[PDB]
């Protein structure tokens, strides 16, 4: 009996991907595999459940799917708990992106471009919420404590943001068996494609923290391959153009960071630069090309609207499935319901490694434990690991990250994580103030007080306001 529970199974960016992967993984697509779909949004949960059931049928998979509005029921005796939830106050909002949107506009009103949650080395939209990410950390810690009673052997597979802060806090404060998941390492394959390198011929490694990872080893035919990137920078960077707002891996910003740090930032790390690349939209367009990346006042609202429409369309699609049970989702919407191909995400490979000993190399957020020797043992890093039946085994990171990455990038970002955790556990508004006192956009202490006041006074922040009272 194998219980895989998806907390936040109304999630538009994970739910069906996870079900499809499980149903197309030979060792997991069994009658003994029970997928629990749990969510607080009844319409989204019902929709996700209908689609998941129909989808699994078309894939001819025998997995059992259960829906529940009870967190306890989903956790009870689970083998794996995947946290993709994004809390929201249902009195005012329909999804969690709305609270970040609105607090961001309040931040900008008081002179914080892209909101107070956007900070140096932490520009990724929605990553933190009012610095300490109260609703998101609260939920993860609640899951962790229920787990230690009701599912001791379970892995908590943390996907909801902030992955770094939350994974650290749950590990440190509860010792629950939490592992943070993010696939930003996939950006390396674009580097290899742009440099005309067969990926199977590249000897590569990446290491760092979540959204702060670096191509520390990049070798080809028994030589350092970074000279090939130097040649690309000289000859092809002038003609580089982003295909869409998300396309930044080979951007001027990424290469400027590589020149300074000595290793290429990978994936969302490229979004998480210094303020040099982010002062305003015109600056973002210089360094990321025509869209200004995704983390700006034009493209991010556009993307969040796209997600809102997608949720709504999936609810209508589920109703169409109930009205037309003969329709084939895999035929009429192959983009949403792929068949044959796996998604490439790391969650189900991890489960199959633990449960079925299908050993695999993954990039996961786990305690350092000496892998990067200049950093504390207990600090959660995003590291190359091999996973199998019987443990998570860290690769030796070689070559080591450069001196400049350590002192100018990793340590400041790790300190920010500690600031954010202290802001949460202390319940002390003065810690939030201190974080903003280190913010380049702050002009005065009075400004800090006023922006936090207005954020805290938003109706949907009642619980947050009382937490810090």
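Numbering follows the first chain given and starts at 1. Note that the rigid core is defined as the largest set of C-alphas that superpose within 1.5 Å between two forms.
Superposing the other copies on the rigid core and comparing 92-100 to 127-135, farther C-alpha placement in 6 other deposited structures of this protein marks 92-100. Take 349-357 and 83-91, fit the other structures onto the shown form by the rigid core, and average the C-alpha distances in 6 other deposited structures of this protein: the farther stretch is 83-91. When the two stretches 409-417 and 64-72 are set side by side, the higher mean Cα temperature factor goes to 64-72. In this entry, 140-148 shows the higher mean Cα temperature factor of the pair 140-148 and 104-112.
The residue among 211, 309, 99, 394 whose C-alpha carries the highest B-factor in the deposited model is 309. When the C-alpha B-factors of 290, 259, 194, 300 are read from the PDB record, the largest value belongs to 194. Sort the modelled residues of the chain by CA B factor and residue 38 lands in the middle third. Sorting the modelled residues of the chain by their CA temperature factor places residue 162 in the lowest third.
Per the PDB record, residue ranking by Cα B-factor puts residue 275 in the lowest third of the chain. Sorting the modelled residues of the chain by their CA temperature factor places residue 56 in the highest third. Annotation for residue 455: CA B-factor lies in the lowest third of the chain's modelled residues.
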